[PDB]
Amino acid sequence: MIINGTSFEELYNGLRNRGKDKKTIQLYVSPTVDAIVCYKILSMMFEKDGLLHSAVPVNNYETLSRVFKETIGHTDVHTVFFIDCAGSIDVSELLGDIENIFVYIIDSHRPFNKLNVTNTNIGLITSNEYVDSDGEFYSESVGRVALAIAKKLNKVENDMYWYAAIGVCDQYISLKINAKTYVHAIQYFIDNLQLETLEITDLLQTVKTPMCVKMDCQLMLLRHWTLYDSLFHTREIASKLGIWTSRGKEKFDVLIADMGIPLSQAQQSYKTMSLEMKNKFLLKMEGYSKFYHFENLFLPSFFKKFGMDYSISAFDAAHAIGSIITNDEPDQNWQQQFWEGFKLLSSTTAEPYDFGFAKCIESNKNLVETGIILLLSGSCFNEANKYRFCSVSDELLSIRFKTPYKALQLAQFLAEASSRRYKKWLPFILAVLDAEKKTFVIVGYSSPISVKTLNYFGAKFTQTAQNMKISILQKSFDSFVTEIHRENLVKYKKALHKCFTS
């Protein structure tokens, strides 16, 4: 059933009543920054009311189902929340015995599964006041729904708007919402906090509010990086400027010179680059944005002051947290990285964000450098407008990306970079030589832009593995990892193509 604002009071009274009996709340969190925001906002309310709760970071529905089965009937869990997952699948079919517990779902995927909607024992939470998935697009941020609960119940703390801003910035960064939807969300925060949108030239040193909004130039981590490298690594802008082509760095340097900015200025920290150079950059970029049609580069940013530092926007924070929760070492996993992301989100100081900024910067420098090479040199093809396939067997690149957690990051980058280059979004299958094991690591990745065909991509990718009798080493909600013998690359490509023809 659909739960809206008129039912939030009854819902929370139930949590309170069941919480007196020593029972607990279990929140299953899928791996998005928005999902962490939702958990955080709910957890703030729960803490204030003494409601025991726990987090279950889930990476796929198999894990969700296994923990649920191990939990129900074996502990004091009386209520479960599924955050940014489960809304668009047949939950009753997945989990079965569900009707003894209180099951709530806060998920941005739409449409909801019809059997979820008609089941009186499944609470699909929306903010209104009036494994096949049915998902076809993304709606309201899950953090925004948690904020809506707090507002309806008179439990809002104004810090929740910072978290909610990070959540909707995550949706926009992740390509789940468009710029108009993002701006409308910010306007909601402006209205409820009675803020004014400050000008892009405002450095915020005189603002009297602990949070604020100003027009901004949305180059990735610009204030925490350099003009030169922030511009080169902002994917939509780099694609439209054509600076990732052959000799793209020579063309880039020509662009920087066209702005009248020396490299000694463009390549130092943006915070120490002179204001005169910043003014030149802004004016030139305004013109470039109309010529190359990236006017959506200029969007309002939501800021929170940390001590004397007002340089961290909700976009900066979403980039930093998104990087922290990306697995990038062999011992990193979502169960642990969820808590690292929660800890950073919860920071009341600026210094913790430096680690996230650094991880994001380093990853993007590595991915863009490798990715440019592969799109120029690699064996990358579009197979029947079903998927792009690329295989890498060069000694140096292969050794660097043969591990699944690295290959997954490269596949995600290439999925976006190739789609922007050819103005055609497809899921991406990447094969990387593991020369020591005599195998290719195979990663399949589907970006949020391709969510409407994720059912088919996952089904056929997994059916190919089944036909080849190779193992799915890992799966997430939007990606898969398998591995083949090196000598079978052609055999595997033929099987994949056949499957994706069925």
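When you see a residue number, it is the position in the sequence shown, counting from 1.
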{"item": "Sequence continuity check, residue 130 and residue 131 (deposited residues unmodelled)", "value": "10 or more"}
{"item": "Comparing 155 to 163 with 409 to 417, the one whose average Cα B-factor in the PDB entry is higher", "value": "155 to 163"}
{"item": "Of 224 to 232 and 205 to 213, the one with larger mean CA B-factor", "value": "205 to 213"}
{"item": "Deposited CA B-factor, highest of 99, 136, 316, 328", "value": "99"}
{"item": "Maximum C-alpha temperature factor, selected from 288, 338, 182, 357", "value": "288"}
{"item": "B-factor third for the C-alpha atom of residue 433 within its chain", "value": "middle"}
{"item": "Ranked against its chain, the third holding the CA B-factor of residue 352", "value": "middle"}
{"item": "Third of chain Cα B-factors occupied by residue 479", "value": "lowest"}
{"item": "Residue 466 - which third its CA temperature factor falls in, relative to the rest of the chain", "value": "highest"}
{"item": "Among modelled residues of the same chain, the CA temperature factor third for residue 140", "value": "lowest"}
